[PDB]
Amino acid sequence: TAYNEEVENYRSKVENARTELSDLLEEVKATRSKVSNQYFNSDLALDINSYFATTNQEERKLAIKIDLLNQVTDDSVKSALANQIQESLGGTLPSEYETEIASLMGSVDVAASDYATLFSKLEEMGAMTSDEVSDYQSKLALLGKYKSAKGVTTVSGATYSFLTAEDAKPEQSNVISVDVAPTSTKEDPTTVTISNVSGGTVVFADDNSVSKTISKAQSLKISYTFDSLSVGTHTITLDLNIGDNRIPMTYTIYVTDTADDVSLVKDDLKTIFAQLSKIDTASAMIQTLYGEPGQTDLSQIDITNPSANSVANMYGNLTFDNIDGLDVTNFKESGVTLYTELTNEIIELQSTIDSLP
């Protein structure tokens, strides 16, 4: 007729629309799952049943949002945001820093023991304090850690003139010869003597005597000996008496103590300045790249495994933790809005599927 002749097609199409919507529903459930994995790091699969009875749509969205915020932790969102920048996290220290350090170290000797004698002389002469020697030994220890951690070629050995510089050594004894003659064949005996000696011993060489008597022209040898060869100026003074003649005489020697001082300044100092400068520069570079910020105890600085806050580890490095909290909040808010609207849409799609005869 008309109720079963062509009307059955009407109901069959309605039922075909009902089955189409049931398939669309599952597709919407699957994309809601992918949204949950992106933003929340898991698949919450929020159960729509709890909100299905609420007819007010904004009242329904509010209820869904409140349930999601009490169910998703900020940590989960932080992990989900990190997953979106998995490769970008972490930095790379440019290799030019190590290249410059190795250049400096190429002409430096890092074996601190080889400095003992040098540091000992400089400390005996008052030219370097004990703390300066302690610090250079710490910096040298650090350069060793770096050289051993990387593959740094360095130099080995050095000689310093001023470590073997010797002052002249003047002769402590000496001898002289004088020509004496008697005072006029009545050439009577004439007594020659050595009087008023100071600064040493002055005596005639053959007798060890200080008084002689002659009666003919003659030569006499006099031995004089300074009292010591200690540092400073030494002077002998005496009177040589020939008859009524008194001739004052004096001899001087200078024991200097400035050989090492003079050699240090003119031979070695310029080389010592350069080497200490290289040690200071390279050690400070290493300290600044591999030390915890503000670290002054160089023994604590680790090279092979840099510390968390070191420049070597933080250069161009966004860490999981330093991901700002506001970004996690806004990321959480984006996911909740998307998830809420998709859940609300599933509810409406189920409602129309249900309410469809």
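Numbers follow the displayed sequence, beginning with 1.
Gap between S156 and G157: none; every deposited residue in this span has coordinates.
When the two stretches 129-137 and 239-247 are set side by side, the higher mean Cα temperature factor goes to 239-247. Across the two stretches, 41-49 and 306-314, the PDB entry reports the greater mean Cα temperature factor for 41-49. Note on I214, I279, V265, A116: the highest value goes to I214, judged by CA B factor as recorded. Note on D297, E59, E292, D324: the highest value goes to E59, judged by CA B factor as recorded. When the modelled residues of the chain are ordered by C-alpha B-factor, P182 sits in the highest third.
When all modelled residues of the chain are sorted by CA temperature factor, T190 is found within the highest third. Split the chain's modelled residues into thirds by C-alpha temperature factor. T54 is in the highest one.
Per the deposited record, the Cα B-factor of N70 falls in the highest third when ranked against the other modelled residues of its chain. Ranked within its chain, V35 lands in the middle third, by CA B factor from the PDB record.
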